[PDB]
Amino acid sequence: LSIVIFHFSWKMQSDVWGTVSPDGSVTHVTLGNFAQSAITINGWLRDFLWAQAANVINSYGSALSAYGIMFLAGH
Amino acid sequence: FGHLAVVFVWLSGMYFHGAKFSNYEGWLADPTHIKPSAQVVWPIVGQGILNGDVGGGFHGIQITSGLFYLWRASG
Amino acid sequence: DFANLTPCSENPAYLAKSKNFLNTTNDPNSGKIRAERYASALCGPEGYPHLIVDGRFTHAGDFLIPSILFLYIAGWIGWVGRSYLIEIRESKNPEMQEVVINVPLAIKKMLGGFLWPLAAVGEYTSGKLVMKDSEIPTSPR
Amino acid sequence: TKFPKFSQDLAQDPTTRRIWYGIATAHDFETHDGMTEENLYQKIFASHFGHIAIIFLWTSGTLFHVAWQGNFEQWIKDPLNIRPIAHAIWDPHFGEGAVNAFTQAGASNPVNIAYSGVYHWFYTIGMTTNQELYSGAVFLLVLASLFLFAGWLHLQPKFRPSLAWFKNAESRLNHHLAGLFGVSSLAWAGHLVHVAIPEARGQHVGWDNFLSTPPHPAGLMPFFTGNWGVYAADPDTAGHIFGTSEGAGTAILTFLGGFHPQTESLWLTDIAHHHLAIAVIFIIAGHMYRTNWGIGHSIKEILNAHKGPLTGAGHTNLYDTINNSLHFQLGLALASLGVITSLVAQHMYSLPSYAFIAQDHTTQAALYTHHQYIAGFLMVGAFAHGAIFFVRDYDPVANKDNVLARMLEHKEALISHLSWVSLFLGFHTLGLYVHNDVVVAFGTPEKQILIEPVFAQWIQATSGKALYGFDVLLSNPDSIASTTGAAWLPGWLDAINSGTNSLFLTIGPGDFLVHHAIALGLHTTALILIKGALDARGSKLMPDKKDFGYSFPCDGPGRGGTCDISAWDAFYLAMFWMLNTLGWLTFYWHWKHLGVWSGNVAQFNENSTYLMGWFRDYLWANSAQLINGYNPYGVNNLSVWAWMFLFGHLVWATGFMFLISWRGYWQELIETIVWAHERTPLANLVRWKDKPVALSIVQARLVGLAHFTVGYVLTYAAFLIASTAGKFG
Amino acid sequence: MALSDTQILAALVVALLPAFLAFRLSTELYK
Amino acid sequence: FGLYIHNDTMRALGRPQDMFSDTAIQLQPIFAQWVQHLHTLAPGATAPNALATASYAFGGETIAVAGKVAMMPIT
Amino acid sequence: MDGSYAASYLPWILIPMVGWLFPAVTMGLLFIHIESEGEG
Amino acid sequence: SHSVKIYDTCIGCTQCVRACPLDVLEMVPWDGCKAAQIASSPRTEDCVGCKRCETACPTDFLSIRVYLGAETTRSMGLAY
Amino acid sequence: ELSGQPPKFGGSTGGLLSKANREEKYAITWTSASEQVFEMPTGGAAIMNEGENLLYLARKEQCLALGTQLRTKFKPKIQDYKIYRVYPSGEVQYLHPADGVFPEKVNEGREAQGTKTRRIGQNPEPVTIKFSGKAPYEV
Ligand code: CLA
Ligand code: CLA
Ligand code: CLA
Ligand code: CLA
Ligand code: CLA
Ligand code: CLA
Ligand SMILES: CC1=C(/C=C/C(C)=C/C=C/C(C)=C\C=C\C=C(C)\C=C\C=C(C)\C=C\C2=C[C@H](C)[C@H](O)CC2(C)C)C(C)(C)C[C@@H](O)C1
Ligand SMILES: CC1=C(/C=C/C(C)=C\C=C\C(C)=C/C=C/C=C(C)/C=C/C=C(C)/C=C/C2=C(C)C(=O)CCC2(C)C)C(C)(C)CCC1
Ligand SMILES: CC1=C(/C=C/C(C)=C/C=C/C(C)=C/C=C/C=C(C)/C=C/C=C(C)/C=C/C2=C(C)CCCC2(C)C)C(C)(C)CCC1
Ligand code: SF4
Ligand SMILES: [Ca+2]
Ligand SMILES: [Cl-]
């Protein structure tokens, strides 16, 4: 289930979710990197885990810092 | 029957926290400027930083369970 | 003494931070009284207060006072528990009162722990504190 | 079957376990069939000959690959901007991108950059050409040949020696302290004054002109006639360039206590003065025990002569205890080697002695990490072999009432007090770290609890370093120890007060918190190892444990359950805590050195006091160049370190399989697989010779631990080398 | 300067001697 | 997983043309693509009374409520 | 792959020898040895 | 095969024999206990090493002890 | 020879492997008053015949688990089962109960083997028996 939800999170941020321009173009959250990075374990480590963990570790001093603390606490 | 009682206590607490300590009023008139927030945390030991600005002069944890969207879907 | 550090009211990082210390409670003066309290400490170059545990009497609030207060409270807790365990040993089921706790004798000992170090030295001098090595159960040596 | 030859109990075993146990018991020479003590010692002696030859062939290969495929003379010309080359890559799996990425350090072929310090060591000893390296490699080849023939010859009749010379402790220790320790130190001091200083002050001293060159103008005669201060006439000046005659002195034995300004290593002449003094003390200490004439001590007499009032028999019969137990000897030797390996690590980063090795940051990181890992292994092995001594070699009657049996007597006191102090350290270090993390996360990092390391700063002050204002001992100008002349003192004050060295680095409360974490790790690893060694013979749960041996799975689910009750299992548990402590210390050392080398010490000084700073500013931040060693856009030279990083993660997690899942599930699964093979047509023609079974319980623990350790080591080595070679190298 | 081909082959011919001696020592240690 | 390991090794060795990817040796999920196509031609041919498709993840156009995305064809 | 060093044909021959010939020969001899039902 | 030894603290409760799933142990007549019987292990070649007999033994520091030794097809419990 | 009707069974994958015809198998014989269903130790249910029943199994432990089921899970307790070991040469060796009496009950003529005249705590030290090839419990 960790792999299932990691697949879901990366594919939804890469090929679905994002911001739509008024002209009709969509800028995705992680800019479509799933097609080239999710084929390697290193891509999963760097572009999914390392890249998206920057929000949870740079949360201290803000309202998201509790999510930082549990990120330590589960560890 | 005891388990159903526990689940009903949980659901009653969810409706009470969505009515007294929430911003369902304010989110409903303006959906996409205000994020859902239904938990208000006391200012103590510096934990009032977690009461983040979610919109419309509210300070609370942004709830992600989707209670507001189901409540809007129920009328 | 402590040349690598500075008093907080001279360390300009401390003033630049204590101008904007966040209020923890609903009192608006909480950051201000935090600044007034922390200005008398010894701050580093980063501005946060640092504590000295060497045993300086002027730094008695850094180590000495909370340590002796913790020692007094921990002795109270330990002596209350030890006297409860000594008293309930002479009973029919001493395991029962260990798992369903007899309230009034525990309360009587709880409001009896305000003279604990005198009781500790009296029990040490009367032989009621330390048993012998032959008296206690031992593993095969 | 035949294999193993040494165990008929394992040879009769019809399962695959036989083969595994035939691998795992091959060097347990005592438990072999028909083993006497005499053949045990002779086989050990031949295996030592083989191991010495293996070490020499390893060195010869290092020399041959530096000479044949390295860039040693090109690095000789510029040993500050040219990367050393270990060996050339011949991998047919490489693509064009990896071939271009590993064609580095001026080579025309793919090469690896050496990080062992090898180029700096052969520069500091005066080697300058690949031909000398080739000649030395051929020399180590023929030396290994001589050692292999020596082992074979001393396994022959009329050359196999008796049991008496093996137990001859006095003569052997005199021989090792004098001929192997002191004479070798004297010979290396001779090499230093004959090559290393005259090659630092540029000259060619080869074997051709070896006979006719004086290292000093005034030769050996003022050494013989009187005062040797002539050899302290003029040291190398503070303008000296290494390998040239510019700024060169002529003196070969001086002292000024510090570093040569250019290379930032220890003074080579100071090294020679140290080495000659240490060789003289080793020569003196080597005339302490009896010989074939009768003037020295016998160790048994000194051991039997030391007693005390409240200690029982004192040191009675520890001579026969140590001399008849190879496991006691191994425990003492491994403990001493681990302590001095930790000393080697903690001294070489802070007082480097190899020319320009202090500017090679990745090399220094690799050396320190390697030696601390080796030290952790040796210390764990020392405690494990002490447990093996207690299981197999301990005589409670011959050791009655001495220090050994007294340690057995109060073993509960030792174990309980170690447990108390481990709980103390862990409780308060975790409480302070979590308090700091919580109040930093609440936007208010000024309510953190920060204790200055006042005692450690005072120890810094009482060595010369004046950056704290204590003004005591060597920091105090008017103290008695400061006014002694003693010309190491001003150079030592300059070396310890200039902040361009790792010598006595300035410390804040983050250093203090991680030092107490290191203390917790040391105390808990010692607690596990000491409880295992002192319960190896028995406990209240299992009092006949000495009848079951050092290593056994359990005593079953009876009596409450007894998993991991052997002393081998306590070794296995302490491996994890040793790796944890070593990871903590290496993390701290690397983060401090990344702060020092880059000049940004404030990141450590304001972020190491809480664990989110360790998580973010050390682990997350320094992996970015490592994990981009290969990416969808291409590769660089860190591609191998990214791959090894992932490989180590995989091996660590594979060890988690054997550590978490236990045997019987796998045995039932293998039973179903056995059924499948026995019922499949065209594969029923093929039968196994050994019956497939699951790995044993002890084998499961050992295999999971081996994978855990290999993954731990490879992951951290990849991270360390890639982060330091991307940021600096 | 770099080494020669004949130097490398002579080193391998030399290394044939500890190979044979290691074979002899391992054979003698086996029995 | 050995396909992932193969890809990690071939990318690390500088052989991206030997990987398993869309720009290399392709592993196209052709049955899932065919079922997505059949769901796209469902509303009007095999689902005549259905106006739109069951979900736009199968194929269609991107719903762009506010400036954000809600659903697009997940390729 | 190539080399500017002396006798660059030697990695060309010895990498398959140490990677394929030596381990296949060693495991074949060891597999024949550890299954030998000779005497014990 | 594994070794099963019976020591003189045996009080003849027969619980180790009842607990043994491979018929290793019997009870033979004895005189050292009030039950006048001691456990015996004539069939240790069938012992698998499960230590159920040790779990059943009520004497403190059990009078029956199983020592795992040489491993056979019978001792590893192999049906193949 | 071994006599008895085989219990009627549909067959299972849990039964005999090549060890049965290669090294050894085991047999259990028992007399049954009626036809009732028992549980196979190799998984599943079998029906035992009225009269003599002869079952072939892979291990001695499977036969003894079946015998425990026969003694404990049937209201008329089948207490007369015999367990044998069968070799591929054809020799049948009788195993259980060896003297005709279940081993939890004492019998005269049973010799004490594996019995130690010393206590558990008076085994000698391992250091006293080094390079002898024998354990503390074997001396
Ligand atoms: C498919 C994966 C793969 C494979 C198979 C290889 C294969 C190889 N690489 Mg390699 N490499 C890879 C991926 C791979 N690479 C990747 C992804 C990178 C990152 C870009 C690299 C980077 C790289 C570098 C930088 C180097 C190599 C080198 C080598 C060669 C080492 C051969 C050797 O010294 O003796 C064979 C191997 C060993 C002796 C290692 C021993 C380890 C085993 C476990 C010991 C077992 C002992 C045990 C007791 C077993 C019994 C003994 C047995 C004989 C019975 C070999 C051709 C090196 C080279 O060119 O060699 C000169 C080298 O310098 N590789
Ligand atoms: C003086 C003559 C002499 C000499 C030189 C030796 C030498 C040796 N004997 Mg020996 N022996 C002798 C007489 C001698 N023996 C006699 C007379 C007897 C009869 C009693 C024995 C009986 C004997 C036995 C029974 C055994 C040996 C063994 C050994 C070897 C020890 C292993 C080794 O190399 O450690 C070398 C260690 C050092 C050089 C230094 C130790 C560590 C230092 C202190 C710290 C490091 C120094 C420095 C800081 C690091 C520099 C870093 C470097 C990279 C530059 C060694 C070759 C053992 C062996 O291996 O068998 C073959 C063995 O089992 N000997
Ligand atoms: C000079 C050092 C030294 C010496 C002489 C010995 C000697 C001995 N030890 Mg000892 N030991 C040592 C250091 C030493 N040890 C250290 C440092 C530790 C701590 C780790 C131990 C821990 C230890 C334990 C816990 C035990 C011994 C045992 C033994 C005895 C039998 C060894 C045997 O057959 O193992 C067989 C050897 C092996 C199966 C080799 C496995 C190790 C491999 C090579 C490491 C893995 C490498 C890795 C997978 C490579 C792949 C990497 C690649 C993928 C990148 C023997 C007397 C055992 C004994 O008999 O005690 C009663 C025992 O139980 N020792
Ligand atoms: C992060 C992981 C972790 C942690 C915290 C511990 C913690 C501990 N181990 Mg340990 N251990 C671990 C991993 C860990 N281990 C692993 C992976 C292994 C390998 C199998 C071991 C092997 C091992 C051995 C072999 C031994 C220990 C020992 C100890 C204790 C040493 C005392 C100490 O450090 O301070 C005290 C404790 C702590 C700092 C941790 C607990 C503090 C908590 C967080 C306080 C809050 C508790 C909370 C209020 C509980 C309420 C729960 C509620 C929410 C439901 C301690 C309980 C030794 C021991 O028992 O010594 C006495 C010992 O012999 N461990
Ligand atoms: C033990 C030290 C050591 C090590 C780790 C290496 C490592 C390597 N050598 Mg090398 N070599 C060494 C000693 C060593 N060499 C010596 C002493 C010589 C003779 C002067 C050579 C001659 C040599 C040549 C000619 C070549 C290599 C090559 C290589 C690389 C691929 C492996 C190969 O084909 O080997 C082949 C090695 C030989 C044919 C010589 C045998 C090596 C020594 C004599 C045996 C040592 C055995 C060892 C100590 C026993 C213990 C091992 C342990 C597992 C128990 C690899 C980096 C190849 C290369 O450059 O690739 C880029 C290559 O073509 N080596
Ligand atoms: C460390 C040693 C080593 C070395 C040198 C190699 C080398 C190679 N691997 Mg490889 N590999 C290794 C270890 C190694 N591997 C390991 C440890 C693994 C994984 C566990 C892999 C997994 C791997 C995969 C999955 C594949 C390769 C492939 C290849 C080859 C790519 C080019 C090609 O098509 O070859 C073609 C050449 C050969 C396969 C061998 C040629 C040998 C001669 C010319 C033929 C026989 C000659 C004659 C009959 C015998 C001579 C007798 C006497 C003189 C000795 C290359 C030769 C690829 C491959 O095999 O392509 C076919 C491939 O698909 N490797
Ligand atoms: C008394 C008590 C118990 C009994 C307790 C025992 C058995 C204690 C056993 C003690 C022994 C045997 C030795 C004690 C060693 C104690 C020591 C050494 C000192 C700790 C250090 C103290 C003051 C000094 C600390 C420095 C000195 C100075 C104060 C500085 O500013 C700070 C600092 C830290 C440098 C319990 C636990 C049973 C129950 C309790 O309720 C009562
Ligand atoms: C006639 C005579 C004497 C004069 C002798 C003369 C004129 C010369 C004598 C020299 C002697 C006697 C010994 C020289 C020994 C040198 C040795 C043994 C070298 C050992 C090296 C080893 C083992 C390995 C070294 C390594 C190499 C190869 C490297 O490249 C890297 C480092 C390292 C790995 C360390 C004197 C007056 C004395 C006494 C009276 C009689
Ligand atoms: C189990 C066992 C064992 C083992 C053990 C061990 C392993 C231990 C370890 C131990 C250890 C590991 C220890 C250590 C310690 C150390 C020390 C104790 C040191 C000291 C030092 C000092 C005291 C010094 C001082 C000084 C300083 C600090 C500075 C200034 C100067 C001077 C020099 C003075 C044995 C085999 C025996 C036996 C059997 C069992
Ligand atoms: S270990 Fe198991 S099989 Fe062996 S005698 Fe004890 S109960 Fe019986
Ligand atoms: Ca020269
Ligand atoms: Cl990648």
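In each ligand, atom 1 is the first atom listed, and ligand 1 is the first ligand listed. Throughout, a chain's letter reflects where its sequence line sits, starting with A, and its residues are numbered from 1.
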Atom 5 (C) of ligand 9: the protein heavy-atom neighbour that sits closest, reported with distance to 0.1 Å: D:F383 CE2, 4.0 Å

D:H176 near ligand 2 by a heavy-atom separation under 4.0 Å: yes

Ring centres under 6.0 angstrom apart (D:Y41, D:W165): no

Heavy-atom protein neighbour under 4.0 angstrom from atom 7 (C) of ligand 1: yes

For G:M27, atoms of ligand 1 separated by under 4.0 Å from a heavy atom: 55 (C)

Protein contact of atom 1 (C) of ligand 1 - nearest heavy atom, named by residue and atom, plus distance: F:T9 CG2, 3.7 Å

Nearest neighbour in protein (non-hydrogen) for atom 54 (C) of ligand 1: G:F22 CE2, 3.7 Å

Flag for D:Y630-F:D8: side-chain donor and acceptor within less than 3.5 Å: yes

Subset of ligand 2 atoms that lie under 4.0 Å from at least one heavy atom of D:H175: 1 (C), 2 (C), 13 (C), 17 (C)

Residue pair D:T321 / D:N399, side-chain donor-acceptor N/O under 3.5 Å: yes

Proximal ligand 1 atoms for G:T26, defined as those under 4.0 Å from one of its heavy atoms: 55 (C)

Identity and distance of the protein heavy atom lying nearest atom 25 (C) of ligand 1: D:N112 ND2, 3.4 Å

Verify atom 52 (C) of ligand 2: protein non-hydrogen atom under 4.0 angstrom away: no

Enumerated ligand 9 atoms positioned under 4.0 Å from heavy atoms of D:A533: 1 (C)

D:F645/D:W641 aromatic ring centres below 6.0 Å: no

Distance filter under 4.0 Å to D:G179 heavy atoms, resulting ligand 2 atoms: 1 (C)

Shortest protein heavy-atom distance from atom 5 (C) of ligand 1, along with the residue and atom involved: D:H93 CE1, 3.5 Å

Interfacing atoms of ligand 9 (cut-off 4.0 Å, heavy-atom, D:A382): 7 (C)

Those atoms of ligand 9 less than 4.0 Å from some heavy atom in D:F328: 37 (C), 38 (C)

Which residue and heavy atom of the protein sit nearest atom 20 (C) of ligand 1, plus the separation: F:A12 O, 3.3 Å

Under-4.0 Å protein heavy-atom contact, atom 33 (C) of ligand 1: no

D:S639 N/O under 3.5 Å from ligand 1 N/O: no

Protein contact to atom 59 (C) of ligand 1 [nearest heavy atom, distance to 0.1 Å]: D:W90 N, 3.8 Å

Closest approach of any protein heavy atom to atom 14 (C) of ligand 9, naming residue and atom: D:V339 CG2, 4.9 Å

Atom 35 (O) of ligand 1: the protein heavy-atom neighbour that sits closest, reported with distance to 0.1 Å: G:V18 CG1, 4.3 Å

Aromatic ring proximity D:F49/D:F45, centre distance under 6.0 Å: yes

Shortest heavy-atom approach to atom 10 (Mg) of ligand 1 - which of D:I23, D:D91, D:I89: D:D91

Contact partition for D:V640 relative to ligand 1, non-hydrogen atoms under 4.0 Å: both

Under 4.0 Å to a heavy atom of D:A335 - the qualifying atoms of ligand 9, by number: 7 (C)

Donor-acceptor side-chain pairing of D:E170 and D:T291 below 3.5 angstrom: no

Proximity of D:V183 to ligand 2 by residue part, where a heavy atom lies under 4.0 Å: neither

Protein non-hydrogen atom below 4.0 angstrom of atom 30 (C) of ligand 1 present: no

Close approach of D:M644 to ligand 1, heavy atoms, under 4.0 angstrom: no

Shortest heavy-atom approach to atom 61 (O) of ligand 1 - which of G:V25, G:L30, G:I15: G:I15

Sub-4.0 Å heavy-atom approach of D:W121 to ligand 2: yes

Within-shell test, D:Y630 vs ligand 1, heavy atom, strictly < 4.0 Å: no

Atom 39 (C) of ligand 2: nearest protein contact (heavy atom, Å): D:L180 CD1, 3.8 Å

Shortest protein contact, atom 3 (C) of ligand 9 (heavy atom only): D:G386 CA, 4.1 Å

Proximity of D:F149 and D:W152 rings by center, below 6.0 Å: yes

Identity and distance of the protein heavy atom lying nearest atom 16 (C) of ligand 1: F:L13 CD2, 3.6 Å

Contact partition for D:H385 relative to ligand 9, non-hydrogen atoms under 4.0 Å: neither

Atoms of ligand 2, numbered as shown, that sit under 4.0 Å from any heavy atom of D:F166: 25 (C)

Atoms of ligand 9 close to D:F389 [distance to a heavy atom under 4.0 angstrom, numbered from 1]: 39 (C)

